[PDB]
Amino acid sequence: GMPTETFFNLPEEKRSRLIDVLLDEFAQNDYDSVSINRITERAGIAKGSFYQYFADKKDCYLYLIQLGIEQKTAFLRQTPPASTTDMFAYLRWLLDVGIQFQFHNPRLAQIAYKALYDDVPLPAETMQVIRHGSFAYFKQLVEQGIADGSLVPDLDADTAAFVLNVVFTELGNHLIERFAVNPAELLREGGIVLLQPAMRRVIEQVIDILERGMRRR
């Protein structure tokens, strides 16, 4: 179901304060561990008033997942595109974009990341895009690269897509783990941008490994 018109007709200051609380709750806790009373208490609203904005917990989770999808697509289109024809130069740009979206929207990214592993109630079409969307795109890129003779001829597209998908999914979390001292405050204050010089040489190192491993000799 969709969020109620009561939720959408809320004053911007009240609705933004509620979304901030919903993002924290769904990113810091597993779907089954999410507390509706903790939401109303932190949002500073009446007890039992959550159901005046969302029919159930499922509808609220779907809204947050769709918010992450729409935000990522809008971020992807607002980013200056790559001026290249090389697959690996494009992959470096796409890896950089994915990491930048995570650093600017950590709670939305964390909710979308947990959906890959946790038992969450998402429709078949939404679940497919979340868990198999990026893999399918990498497989298409690898199949294109083998066809134009740039990649190793005997390369298995499915296997190469698996390696690209796991790296792209986990790099951002590893960068934070390696370089960010107190990530909570660093992401909130926006100081994560000061670690880009150290993070970029890792992004370049990652692409170099994938390039040597996949590109034709």
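Numbers for residues come from their place in the sequence shown, where the first is 1.
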Item to complete: Averaging the C-alpha B factors as listed in the entry, name the stretch that ends up higher: 98-106 or 119-127.
Response: 119-127
Discussion item. Averaging CA B factors per stretch from the PDB record, which one is higher: 14-22 or 205-213?
Written reply: 14-22
Fill in: Candidate residues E170, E177, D32, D156, the one whose C-alpha B factor the record puts highest
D32
Worksheet item: In terms of the CA temperature factor given in the entry, to which third of its chain does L67 belong: lowest, middle or highest?
Response: middle
Practice prompt. Pull the Cα B-factor of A82 out of the PDB entry and bin it into the chain's lowest, middle or highest third.
Written response: highest
Worksheet entry | Ranked against its chain, the third holding the CA B-factor of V181 | highest
Discussion item. Among the modelled residues of this chain, does the Cα B factor of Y90 put it in the lowest, middle or highest third?
Written reply: lowest
Worksheet item: Sorting the chain's CA B-factors, does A55 end up in the lowest, middle or highest third?
Response: highest
